[PDB]
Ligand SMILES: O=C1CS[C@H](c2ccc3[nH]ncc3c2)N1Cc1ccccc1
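Next up is one chain by itself, shown in structure tokens, the form deposited without the named molecule.
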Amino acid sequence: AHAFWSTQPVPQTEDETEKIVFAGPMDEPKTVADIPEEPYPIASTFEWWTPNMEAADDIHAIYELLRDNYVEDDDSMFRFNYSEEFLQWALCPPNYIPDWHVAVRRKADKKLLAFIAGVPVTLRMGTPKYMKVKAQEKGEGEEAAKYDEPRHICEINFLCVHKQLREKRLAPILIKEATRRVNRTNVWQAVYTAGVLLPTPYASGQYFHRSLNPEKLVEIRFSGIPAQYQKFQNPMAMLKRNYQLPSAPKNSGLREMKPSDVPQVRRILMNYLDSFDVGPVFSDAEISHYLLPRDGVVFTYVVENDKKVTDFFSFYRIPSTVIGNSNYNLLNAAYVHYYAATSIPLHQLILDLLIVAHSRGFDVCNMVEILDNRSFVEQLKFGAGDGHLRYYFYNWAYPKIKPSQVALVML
């Protein structure tokens, strides 16, 4: 049923996952020395390629492969369109490893045909809290804590095979060669997410959307007018009214984040992310990289009164291509990123997120039900979308957890 995934060090079924009680590796410990020095064999018409991301033309080639061939919704109406500026930001965090960005080009023309990217992440991934309770009841605390310390692993994203190359078992060859390159740097675990079911997730969560520009959403058929609104003389006018927002933020000390805020934002974020079983650990340089505002890419605001940063939120932009509509070419979506509240309720902090995103011209705000994203779904008028996002590890046994125990945002 799975010719590739059945050969890989991942839990194979749900009931296998069910017998997992401690975090730890699936496979045999291995060394760099054991790993083949040479690239995995490939068909003689293709060649491996390592793009240079601090070079404009290389970023542009991967930008076009993704523009034309990356994730679509299920009836081919929208396709993600990550910008070039976004891709440099996402692929090049501090101390990234250039050879973990893995491409396949056609030899004859150098046309990009496939891509996969890995980046460093420091991740807490020790036995979850509920399994530590079950462990103490059994007398098994030591085995439960063996992998408690944060691990330097790989986060995978941007797997893409050209449309003309689909269903030829190319994705396995990409994944094998990524795994070899990661293993050649003495890294043995990866974390990845997908909107498809594979063997075998450790957590799953629904998608959620908050309409900001409802007349445009209905026009492009992102949204419909729901049935209930027909009882009204003017269904659309009442839909606009339901989703209207203030013009300016409600929290008085709200302002954009600046370099001097890095230490306080790091502090309050890390204190918050501690409450979750699987969560990233960020250095000052990584807080700077992922949170300081960047035009058209990432937007981050702090609440400061009395010269302390006590709360913040962030969101990132990804436009999607509207696969041809007469009036509109692009859906401009804002995605909830990291946040922390210490002085005001989480709903009151995120309302300011919606208000900023709306004033800056975003059409919809999107998020998965990770972190504490549930505490504000009803009052802030988010709705559940279609399907689920699934979270996975590579070479890591892990007890099933709820998505509200997951704190890793995947860009």
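From 1 onward, residues are counted along the sequence shown.
Omitted here: the form deposited with the named molecule bound. The next part is about that form.
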query	finding
Placed ligand check: the named molecule in the entry with it bound, overlay by site C-alphas, backbone/C-beta within 2.4 Å	open
One residue of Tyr96, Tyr272, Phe80, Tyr338 in contact with the named molecule, assessed in the entry with it bound (non-hydrogen atom, 4.5 angstroms)	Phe80
The named molecule: the contacting residue among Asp386, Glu54, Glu64, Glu378 in the entry with it bound [heavy atom, 4.5 Å]	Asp386
Candidate site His209, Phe222 and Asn366: all three near the named molecule in the entry with it bound by heavy atom within 4.5 Å	yes
Distance check, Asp73 to the named molecule in the entry with it bound, heavy atom within 4.5 Å	yes
Interface membership of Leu331, the named molecule in the entry with it bound, 4.5 Å heavy atom rule	yes
Partner proximity in the entry with it bound: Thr127 to the named molecule, non-hydrogen atom cutoff 4.5 Å	no
Heavy atom of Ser320 within 4.5 Å of the named molecule in the entry with it bound	yes
Which of 348-356, 28-36, 64-72, 46-54 lines the interface with the named molecule in the entry with it bound (heavy atom within 4.5 Å)	64-72
